[PDB]
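Participant: First residue of the sequence shown: 11, per the deposited numbering; consecutive thereafter. Cβ atoms here follow ideal geometry from the backbone N, Cα and C, with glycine treated the same way.
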Amino acid sequence: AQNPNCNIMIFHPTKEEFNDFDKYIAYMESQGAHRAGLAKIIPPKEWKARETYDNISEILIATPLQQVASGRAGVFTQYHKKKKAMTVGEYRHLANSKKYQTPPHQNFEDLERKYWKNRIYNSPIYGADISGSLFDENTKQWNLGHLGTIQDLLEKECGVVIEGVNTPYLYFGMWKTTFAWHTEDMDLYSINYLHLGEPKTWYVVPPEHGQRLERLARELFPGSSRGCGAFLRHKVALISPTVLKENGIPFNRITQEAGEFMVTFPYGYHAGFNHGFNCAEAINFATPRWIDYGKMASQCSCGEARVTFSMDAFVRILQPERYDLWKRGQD
Ligand SMILES: O=C(O)CNC(=O)C(=O)O
Ligand SMILES: [Mg+2]
Ligand code: NI
Ligand SMILES: [Zn+2]
C-alpha cells in the first residue's frame with residue numbers, strides 16, 4: 011500500500027506531465043497521495059496562470075464576511091456577519107491597515123502560534139465565495155475555469171444526463187481569515203490555486219480517519235451535534251492542532267505559497283487560515299473514484315448548510331432515499 015502513514019505529498023510535474031489533468035490526478039493517487047487527504051502541486055517553471063495581477067482592483071466583493079468567533083482559543087465556532095460591498099482595491103487597503111495587518115513574526119511556525127493564541131480576539135473580514143476566475147483564457151494547462159464538469163463525469167460513469175453547472179470561486183483573504191473544518195459538498199475533490207499574496211496554512215485529516223474527527227467534534231460542540239447529525243457541513247467549527255494532538259486525532263499540516271496548487275481528496279477534512287492579503291481560486295471536481303464517496307456522503311437536512319443548485323441532482327441520483335428529507339432542508 012502506497013503512502014501508509016498518510017503524509018502530505020508534494021509533486022513537481024514537468025510541462026509535459028502538466029498537459030493531461032485527469033491523468034496526473036490518477037498518477038498522484040497511484041503513489042498514495044489521496045491517503046493524506048491533501049496534496050501540493052508545484053507547477054512547471056514555464057507555466058503561468060496569467061501575465062500580471064496589475065489590473066484586479068476593480069473586482070467587487072459584494073458581501074464581505076466578518077468572521078466573529080465564540081468559544082476558547084483552541085475550540086471555537088465562527089459566524090459570518092455580512093458587511094457592505096467593497097472593491098478588491100478597497101479590501102487590500104483594509105487588509106494592510108494597522109487594525110488588520112499581519113503582525114511581526116520570525117517564521118511560519120511563530121505565525122501559527124500567534125494565530126492559535128490570538129484568533130478568537132479579532133474579527134477579520136473574508137472576501138469569500140465570489141463566482142469568477144483569474145486564469146487567462148489562453149492558459150491551457152490546469153486552468154480551473156476549463157476543467158471537465160462534475161455533471162459530465164457523472165454522465166460518463168453512470169450514463170445519466172443531469173442539469174447543473176460547475177464554475178470556480180475566488181477568495182480574497184487577510185490575516186486570520188479562517189476556513190472551518192469541512193469536507194466538500196458530496197465529498198467531492200477540490201483544487202485550489204493561490205494566485206497572489208501571502209501564504210495559506212492547511213490542516214487535514216486522512217480520509218480513513220474522518221470519523222475520528224467527527225466523534226471528537228460531537229464531544230466538543232455538543233449543542234450543535236444535537237441540532238444536526240452532520241453539523242460540520244455548516245462550516246463553522248474550529249479545533250486547534252494542540253487539541254487534536256491531545257485527543258489522538260491523526261492529522262497533518264502544510265503551508266501553501268503563491269503560485270502553488272493544493273488538491274483535497276474525497277472525504278479529506280480540512281481547515282486553515284490566511285497569513286495576510288491574498289487571492290485564491292478554487293473549484294470542485296470529480297473522478298471515477300469519487301462516485302462511491304458521493305453515494306456515502308453525509309448530509310445536513312436541518313436547513314443550515316444551504317448549498318448550490320447543482321447539488322440537487324447529485325443527491326437525487328446518488329442518494330435517492332435521502333432526497334426527500336434533504337430537499338425539505340433546502341426548502
Ligand atoms: O481557501 C479557503 O478559504 C477554503 N478552500 C477550501 O476549502 C478548498 O479549496 O477546498
Ligand atoms: Mg479590476
Ligand atoms: Ni474545501
Ligand atoms: Zn445541519
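Going along the chain, which residues of its own chain have a beta-carbon closer than 6 Å to the beta-carbon of residue 303, five neighbours each way excluded?
Facilitator: Excluding positions up to five away in sequence, the list reads 197, 276, 277.
Participant: Would DSSP call residue 70 helix, strand or coil?
Facilitator: Three-state DSSP puts residue 70 in a strand.
Participant: I'd like the span of the alpha helix (DSSP H) that includes residue 58, first residue to last.
Facilitator: Run containing residue 58: none; DSSP gives neither H nor E here.
Participant: Looking only at C-alpha atoms, which of 97, 288, 61 sits nearest to residue 68?
Facilitator: Of the candidates 97, 288, 61, the one whose C-alpha sits nearest the C-alpha of residue 68 is 97.
Participant: Could you check which residue in 181, 131, 182 has the C-alpha nearest to that of residue 81?
Facilitator: Of the candidates 181, 131, 182, the one whose C-alpha sits nearest the C-alpha of residue 81 is 131.
Participant: Go to residue 325, then tell me how far its beta strand (DSSP E) extends in each direction, as first and last residue.
Facilitator: That residue, residue 325, is in no beta strand (DSSP E); its alpha helix (DSSP H) goes 321-328.
Participant: Classify residue 319 as buried or exposed, calling it buried when 16 or more other Cβ atoms lie within 10 Å of its own Cβ.
Facilitator: The residue in question, residue 319, is exposed, as its Cβ has fewer than 16 Cβ neighbours within 10 Å.
Participant: What do you get for residue 311, buried or exposed, if any count of 16 or more other CB atoms within 10 angstroms of its CB means buried?
Facilitator: Classification of residue 311: buried, given that the 10 Å Cβ count is 16 or more.
Participant: Let me know the secondary structure DSSP gives residue 16 once reduced to three states.
Facilitator: DSSP places residue 16 in coil when its eight states are reduced to three.
Participant: Nearest-angstrom Cα distance between residue 52 and residue 250?
Facilitator: The straight-line gap from Cα to Cα measures roughly 27 Å.
Participant: So, at 8 Å on beta carbons, what are the nonlocal neighbours of residue 48 in its own chain, with the 5 sequence-adjacent residues on each side left out?
Facilitator: Cβ within range, chain order: 18, 212, 214, 262, 264, 272, 273, 274, 275, 278, 280.
Participant: Can you find the residues in the same chain that come closer than 6 Å, C-beta to C-beta, to residue 294, ignoring five residues on each side of it along the sequence?
Facilitator: Taken in chain order, the residues that qualify are 194, 198, 200.
Participant: Below 8 Å, can you find three or more Cβ-Cβ pairs linking the segment 129-143 to the segment 176-187?
Facilitator: Yes: the two stretches touch, three or more of their Cβ pairs being nearer than 8 Å.
Participant: Measuring alpha carbon to alpha carbon, tell me which of 16, 225, 270, 296 ends up nearest residue 23.
Facilitator: Taking only the C-alpha atoms, the option nearest residue 23 is 270.
Participant: So, residue 290 versus residue 245, is the Cβ gap smaller than 7 Å?
Facilitator: Taking 7 Å as the Cβ cut-off, residue 290 and residue 245 do not qualify as a contacting pair.
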